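To keep things clear, I will list the structure first and then write my remarks on it.
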Amino acid sequence: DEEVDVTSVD
Amino acid sequence: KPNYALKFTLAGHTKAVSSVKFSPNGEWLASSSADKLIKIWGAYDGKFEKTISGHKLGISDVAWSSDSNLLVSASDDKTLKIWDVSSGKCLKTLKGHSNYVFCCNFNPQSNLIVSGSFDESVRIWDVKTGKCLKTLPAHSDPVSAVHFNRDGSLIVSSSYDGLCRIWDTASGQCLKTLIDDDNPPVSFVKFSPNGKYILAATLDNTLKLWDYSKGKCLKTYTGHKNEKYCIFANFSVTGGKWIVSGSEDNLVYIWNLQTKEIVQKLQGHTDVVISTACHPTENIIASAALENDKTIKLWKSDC
Amino acid sequence: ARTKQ
């Protein structure tokens, strides 16, 4: 359900 | 979709393989076995490198330092050992747990090591001295995994007791307990590369992605078989973004991180696929199996 | 061990 960034540290 | 395809099979261990991990520089693969042994392999060619002896009983886990120079391993011999990789020296032997050591890991700084054991506890050790710094009374059943986050500030732990707990490394204080609806034994746990999330394997054939702050389960990944063994899992992020994980039906499963559907199923092994690992920079996956198979496989992808 | 059960 909706995107999820597991790489970016912001 | 990824296109992972078999490039190498690595024979060597004479008993079930327990865990593989890519060195941080992406030169080596490290493996541990029920055969009391660790073996090093070239990450790209599968060319065997060396063997590392010392534990008195089998090994359940191994883990690289940040500079790819040292290794730590967790053995049924109630201990952990630290190893200079190129010399093959046993630098320290960490005594402390009162039963099998099952999992282990370096903090990014790599001055620390965290471990987990059947004695239901989590210990934090000093690399330089082999001394047990803290002893968290973490769980009420054996501990299946332990992992630092991006900056070593947090440790995550899991257990057959149903729980995933987050700990403050400095104080040893439990900052969070993760409760689902049913709480099946928790067989693996790991942070996302950025630390914001948590990936957790559970003996009901389910994997879940948790947001660590809000403490809520976001994604769910299924389709595989996992009811008996503690199978490693991964975030693949070198190419597209996937979830990789061994399986008790002898296959390597791959999920689309977002939509959560199986985007590939690798075939090859002949017994439970107990461990997987994703190369630091290249789209390479390493896999390993139990007593009846005992080989390690490397698959590569363009995506 | 992790490989027994």
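Here, A, B, ... name the chains of the structure tokens in the order displayed, residue numbers run from 1 inside each chain, and ligands are numbered from 1 in the same displayed order.
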(message) List as a PyMOL selection string the protein and nucleic acid residues near segment 1-3 of chain A, meaning an atom at most 9 Å away when only C-alpha atoms are counted, but skip any in the same chain fewer than 5 places from it.
(response) chain B and resi 218-219+257-259
Dump C-alpha atoms for the selected residues as a CSV table (one decimal), in the first residue's frame?
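Below is the file that was written, out29.csv:
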chain,number,residue,atom,x,y,z
B,218,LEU,CA,3.3,-2.5,6.6
B,219,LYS,CA,4.0,-5.2,4.0
B,257,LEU,CA,9.4,-5.0,-2.4
B,258,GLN,CA,6.4,-2.8,-3.1
B,259,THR,CA,3.6,-5.0,-4.6
(request) For segment 4-10 of chain A, list every protein, DNA or RNA residue within 12 Å, evaluated using only C-alpha atoms, and leave out those in the same chain fewer than 6 positions away; present the list as a PyMOL selection string. (result) chain B and resi 149-151+191-199+209-212+218-219+234-243+256-260
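With only C-alpha atoms taken into account, chain B has residues 16, 17, 18, 34, 58, 59, 60, 75, 76, 100, 102, 228, 229, 230, 290 and 291 of chain B at most 8 Å from chain C.
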Could those selected residues go to a file with N, CA, C and O atoms, as a short mmCIF file (atom, residue, chain, number, x, y, z; two decimals), in the first residue's frame?
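Saved result, part.cif, follows:
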data_model
loop_
_atom_site.label_atom_id
_atom_site.label_comp_id
_atom_site.auth_asym_id
_atom_site.auth_seq_id
_atom_site.Cartn_x
_atom_site.Cartn_y
_atom_site.Cartn_z
N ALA B 16 25.52 -29.90 7.13
CA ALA B 16 24.60 -28.83 6.72
C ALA B 16 25.29 -27.48 6.76
O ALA B 16 26.12 -27.24 7.63
N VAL B 17 24.99 -26.60 5.82
CA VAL B 17 25.53 -25.25 5.89
C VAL B 17 24.53 -24.41 6.68
O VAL B 17 23.32 -24.62 6.58
N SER B 18 25.02 -23.46 7.47
CA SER B 18 24.16 -22.73 8.39
C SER B 18 23.94 -21.28 7.98
O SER B 18 22.87 -20.72 8.22
N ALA B 34 27.43 -26.85 10.17
CA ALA B 34 27.28 -27.79 11.26
C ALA B 34 28.58 -28.59 11.45
O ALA B 34 28.76 -29.28 12.47
N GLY B 58 29.32 -27.36 16.15
CA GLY B 58 28.81 -26.66 14.99
C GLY B 58 28.58 -25.15 15.10
O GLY B 58 28.49 -24.59 16.19
N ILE B 59 28.47 -24.50 13.95
CA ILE B 59 28.28 -23.05 13.88
C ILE B 59 26.93 -22.72 13.27
O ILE B 59 26.50 -23.37 12.33
N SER B 60 26.24 -21.72 13.82
CA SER B 60 24.91 -21.34 13.32
C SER B 60 24.93 -20.02 12.56
O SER B 60 24.01 -19.73 11.79
N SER B 75 28.63 -20.39 17.89
CA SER B 75 28.66 -21.85 17.88
C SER B 75 27.91 -22.52 19.02
O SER B 75 27.77 -21.96 20.08
N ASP B 76 27.46 -23.74 18.77
CA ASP B 76 26.88 -24.59 19.79
C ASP B 76 27.81 -24.82 20.96
O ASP B 76 27.39 -25.34 21.99
N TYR B 100 23.79 -22.63 23.65
CA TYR B 100 24.25 -22.38 22.28
C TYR B 100 24.15 -20.91 21.86
O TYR B 100 23.12 -20.27 22.08
N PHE B 102 23.61 -18.53 18.75
CA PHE B 102 22.84 -18.82 17.55
C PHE B 102 22.99 -17.77 16.44
O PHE B 102 22.94 -18.11 15.27
N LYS B 228 9.91 -24.50 10.62
CA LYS B 228 10.83 -25.26 11.46
C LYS B 228 12.21 -24.61 11.61
O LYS B 228 12.81 -24.66 12.69
N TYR B 229 12.72 -24.00 10.55
CA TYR B 229 14.08 -23.49 10.59
C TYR B 229 14.16 -21.96 10.55
O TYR B 229 13.29 -21.27 9.98
N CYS B 230 15.22 -21.43 11.14
CA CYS B 230 15.44 -20.00 11.13
C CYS B 230 16.15 -19.57 9.86
O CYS B 230 17.37 -19.64 9.76
N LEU B 290 20.77 -27.43 3.71
CA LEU B 290 20.95 -28.25 4.91
C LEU B 290 21.51 -29.62 4.61
O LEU B 290 21.88 -29.90 3.48
N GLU B 291 21.52 -30.47 5.62
CA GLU B 291 22.29 -31.72 5.63
C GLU B 291 22.29 -32.52 4.33
O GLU B 291 23.33 -33.06 3.94
#
(request) Considering only C-alpha atoms, return as a PyMOL selection string whatever protein or nucleic-acid residues lie within 12 Å of residue 175 of chain B, sequence-local ones (same chain, fewer than 3 positions apart) excluded. (result) chain B and resi 138+153-157+164-172+178+212-213+215
(request) Could you give me the residues within segment 121-189 of chain B that DSSP places in strand (DSSP E), as number ranges by chain? (result) B: 122-126, 132-136, 143-148, 154-159, 164-168, 174-178, 186-189
C-alpha atoms of the current selection, written as a PDB file, in the first residue's frame:
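This went into selection23.pdb:
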ATOM      1  CA  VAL B 122      21.508 -10.842  24.087  1.00  0.00           C
ATOM      2  CA  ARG B 123      25.116  -9.816  24.836  1.00  0.00           C
ATOM      3  CA  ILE B 124      27.189  -6.880  23.611  1.00  0.00           C
ATOM      4  CA  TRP B 125      30.893  -7.525  23.407  1.00  0.00           C
ATOM      5  CA  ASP B 126      34.039  -5.462  22.986  1.00  0.00           C
ATOM      6  CA  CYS B 132      31.056  -8.877  27.592  1.00  0.00           C
ATOM      7  CA  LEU B 133      30.006  -5.238  27.896  1.00  0.00           C
ATOM      8  CA  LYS B 134      26.273  -5.685  28.481  1.00  0.00           C
ATOM      9  CA  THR B 135      23.866  -8.581  29.039  1.00  0.00           C
ATOM     10  CA  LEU B 136      20.295  -7.771  28.059  1.00  0.00           C
ATOM     11  CA  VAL B 143      17.083 -15.749  20.412  1.00  0.00           C
ATOM     12  CA  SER B 144      17.012 -16.220  16.642  1.00  0.00           C
ATOM     13  CA  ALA B 145      18.557 -12.977  15.377  1.00  0.00           C
ATOM     14  CA  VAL B 146      20.371  -9.764  16.280  1.00  0.00           C
ATOM     15  CA  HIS B 147      21.302  -6.815  14.053  1.00  0.00           C
ATOM     16  CA  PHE B 148      22.654  -3.273  14.471  1.00  0.00           C
ATOM     17  CA  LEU B 154      20.092   0.448  17.758  1.00  0.00           C
ATOM     18  CA  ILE B 155      19.987  -3.328  18.007  1.00  0.00           C
ATOM     19  CA  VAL B 156      17.016  -5.375  16.856  1.00  0.00           C
ATOM     20  CA  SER B 157      16.368  -8.847  18.273  1.00  0.00           C
ATOM     21  CA  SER B 158      13.918 -11.715  17.683  1.00  0.00           C
ATOM     22  CA  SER B 159      12.919 -14.910  19.490  1.00  0.00           C
ATOM     23  CA  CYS B 164      10.948  -8.473  18.143  1.00  0.00           C
ATOM     24  CA  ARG B 165      12.535  -5.945  20.484  1.00  0.00           C
ATOM     25  CA  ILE B 166      14.563  -2.843  19.780  1.00  0.00           C
ATOM     26  CA  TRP B 167      17.351  -1.892  22.127  1.00  0.00           C
ATOM     27  CA  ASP B 168      19.378   1.224  22.762  1.00  0.00           C
ATOM     28  CA  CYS B 174      14.428  -1.853  25.564  1.00  0.00           C
ATOM     29  CA  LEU B 175      12.900   0.922  23.439  1.00  0.00           C
ATOM     30  CA  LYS B 176      10.198  -1.117  21.693  1.00  0.00           C
ATOM     31  CA  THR B 177       8.451  -4.463  21.615  1.00  0.00           C
ATOM     32  CA  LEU B 178       6.689  -5.439  18.369  1.00  0.00           C
ATOM     33  CA  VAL B 186      10.055 -15.081  15.403  1.00  0.00           C
ATOM     34  CA  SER B 187      12.810 -16.830  13.449  1.00  0.00           C
ATOM     35  CA  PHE B 188      14.612 -13.946  11.809  1.00  0.00           C
ATOM     36  CA  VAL B 189      14.871 -10.193  12.001  1.00  0.00           C
TER      37      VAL B 189
END
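With atom CA of residue 203 of chain B on one side and atom CA of residue 231 of chain B on the other, the separation reads 9.6 Å.
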(message) Please list as a PyMOL selection string every residue within 9 Å of residue 261 of chain B, counting only C-alpha atoms and excluding residues in the same chain fewer than 6 positions away.
(response) chain B and resi 221-223+254-255
